[PDB]
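Q: Generate a structure from the sequence data that follows.
(4 chains, ligands or ions: 2)
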Amino acid sequence: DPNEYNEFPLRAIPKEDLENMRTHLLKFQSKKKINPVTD
Amino acid sequence: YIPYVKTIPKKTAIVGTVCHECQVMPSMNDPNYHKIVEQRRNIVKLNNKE
Amino acid sequence: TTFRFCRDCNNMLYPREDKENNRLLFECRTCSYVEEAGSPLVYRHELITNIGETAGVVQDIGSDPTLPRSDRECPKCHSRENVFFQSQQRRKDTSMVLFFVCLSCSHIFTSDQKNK
Amino acid sequence: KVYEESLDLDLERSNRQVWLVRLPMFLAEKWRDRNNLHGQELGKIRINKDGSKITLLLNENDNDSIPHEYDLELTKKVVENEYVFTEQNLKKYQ
Ligand SMILES: [Zn+2]
Ligand SMILES: [Zn+2]
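A: Numbering: from 1, shown residues only, chains lettered A, B, ... in the order given. Ligands and ions are numbered 1, 2, ... in the order given. The coordinates are given below.
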């Protein structure tokens, strides 16, 4: 294919910072737009 | 009000906001394709119990 | 009849009257959200109802092998293939009229010759 | 005195674009392993200039056992009210 695209590299997160830390998904259940930064 | 509530403090931080939801699906035009189909087929054909 | 739902909490609104303007308002019962009604109808109880006559019609209705076929003409695309079925309402008072679904345009027509 | 760190949620890195990706069983079984992810190259994300089509191509490290090309199907172009938050332990002295 021709170079009609902009592909960026993808690499895994180092394990040195993934230990003793848990990353979770937060889901607001509402019909509005909830944004803790401003709201 | 109630004087005591027994909270459990923890260190938390918001480290991103989801903007896209993606579903990774193997391309049907890939030369290695149909090997996953064989692997998927083998899932139902396997009997763990002895 | 159309049901309305609240914007701030998703709870359903209920009718209310405003004597100041003699108008119909739909107000929430928990968070005090109001919205003027677009129609004056708030209730309907159809003792004799025809809802559900063609219930179950999908984009792939013609793929069902148990449905019968017919050679009746489709009065929207002039096609002869179609699958017909009786009314899906199980009340023991409906007529035996047949509803025809075309396999070329997904158009639904009936064989009724009394009222249509 | 019990804790030597702030107990308030850190809303500083929230302005960070994140993609939620659902993986197949074969790909998820090797991408979720904690005995891996040494920072190596897991592939490249390719996006068309005009958009509407995305695909990630893996490297040749798969051992020629799984497809090297995958299509990223955007189940929700506009994802709303979903966030990612971490969890860490607090220093218990002073
Ligand atoms: Zn309300
Ligand atoms: Zn027709």
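
Q: what sits against whatever residue of chain B ends up closest to chain C?
A: Per C-beta to the nearest C-beta, residue B:18 is where chain B lies closest to chain C, at 21.8 Å. Quick note: C-beta positions are derived from backbone N, CA and C, even for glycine. Contacts for residue B:18 (C-beta atoms under 8 Å, 6 or more residues apart in numbering or on different chains) come out as A:25, D:18-20, D:79, D:82-84.

Q: do residue D:80 as well
A: Counting by C-beta under 8 Å, 6+ apart, residue D:80 has contacts residue A:33.

Q: Angles on the backbone of residue B:38, please.
A: Main-chain dihedrals, residue B:38, degrees, to the nearest 10: phi -60, psi -40.

Q: Confirm residue C:25 sits in a helix?
A: No - Residue C:25: not assigned to a helix; according to DSSP: H, G, I helix; E, B strand; the rest coil it is strand.

Q: my read: it touches residue C:40, true?
A: No - assessed by C-beta atoms under 8 Å, residue C:25 is found out of contact with residue C:40, at 11.9 Å.

Q: Compare those two (neighbour count), which wins?
A: Per other C-beta atoms under 10 Å in any protein chain shown, whichever of residue C:25 and residue C:40 has more neighbours is residue C:25, with 15 against 8.

Q: Run through the residues that contact that one.
A: Residues near residue C:25 by C-beta under 8 Å, 6+ apart: C:15-18, C:34-37.

Q: For residue C:101, state which of those is nearest.
A: Closest approach to residue C:101 among those (C-beta to C-beta): residue C:37, at 36.8 Å.

Q: and the nearest residue to the closest one once chain neighbours are set aside, what are its bridge partners?
A: Nearest residue to residue C:37 in three dimensions, chain neighbours excluded: residue C:24, at 4.2 Å (C-beta to C-beta, 6 or more residues apart in numbering or on different chains). Beta bridges link residue C:24 to residue C:17, judged by DSSP bridges.

Q: likewise residue C:36?
A: Going by DSSP bridges, residue C:36 forms beta bridges with residue C:25.

Q: Confirm for me that it is in contact with residue C:24.
A: Yes - under the criterion of C-beta under 8 Å, residue C:36 makes contact with residue C:24 at 7.1 Å.

Q: So which bits of chain A are right by chain B?
A: Residues of chain A found near chain B (C-beta under 8 Å from any C-beta of the partner chain) are A:23, A:25-26, A:36.

Q: that older thread, between residue C:36 and residue C:24, tell me which one has more neighbours.
A: For residue C:36 versus residue C:24, the count of surrounding residues by other C-beta under 10 Å is larger for residue C:24: 16 against 10.

Q: which stretches of chain A form strands?
A: For chain A, the strands defined by DSSP state E cover A:8-11, A:24-27.

Q: That should have said chain D, apologies.
A: Using DSSP E, strands in chain D cover D:17-22, D:41-47, D:54-57, D:69-76, D:82-85.

Q: thinking in terms of the whole chain, how far from its middle is the first one?
A: Between the centre of strand D:17-22 and the centre of its host chain there is 6 Å, according to C-alpha atoms, centre = their mean, to the nearest Å.

Q: swap in the last one?
A: Centroid separation for strand D:82-85 versus its chain: 12 Å, with C-alpha atoms, centre = their mean.

Q: Same question for the fourth one.
A: Going by C-alpha atoms, centre = their mean, the spacing between the C-alpha centre of strand D:69-76 and its chain's C-alpha centre is 14 Å.

Q: now do stretch A:26-33
A: The answer for stretch A:26-33 is 17 Å, by C-alpha atoms, centre = their mean.

Q: quick one: it near chain D?
A: Yes - Stretch A:26-33 comes into contact with chain D (C-beta under 8 Å from any C-beta), by way of A:26-28, A:30, A:33.

Q: Count residues in the vicinity of the closest residue to residue D:3 other than its chain neighbours, would you?
A: Nearest residue to residue D:3 in three dimensions, chain neighbours excluded: residue D:90, at 4.8 Å (C-beta to C-beta, 6+ apart). Counted by other C-beta under 10 Å, the residues lying close to residue D:90 total 13.
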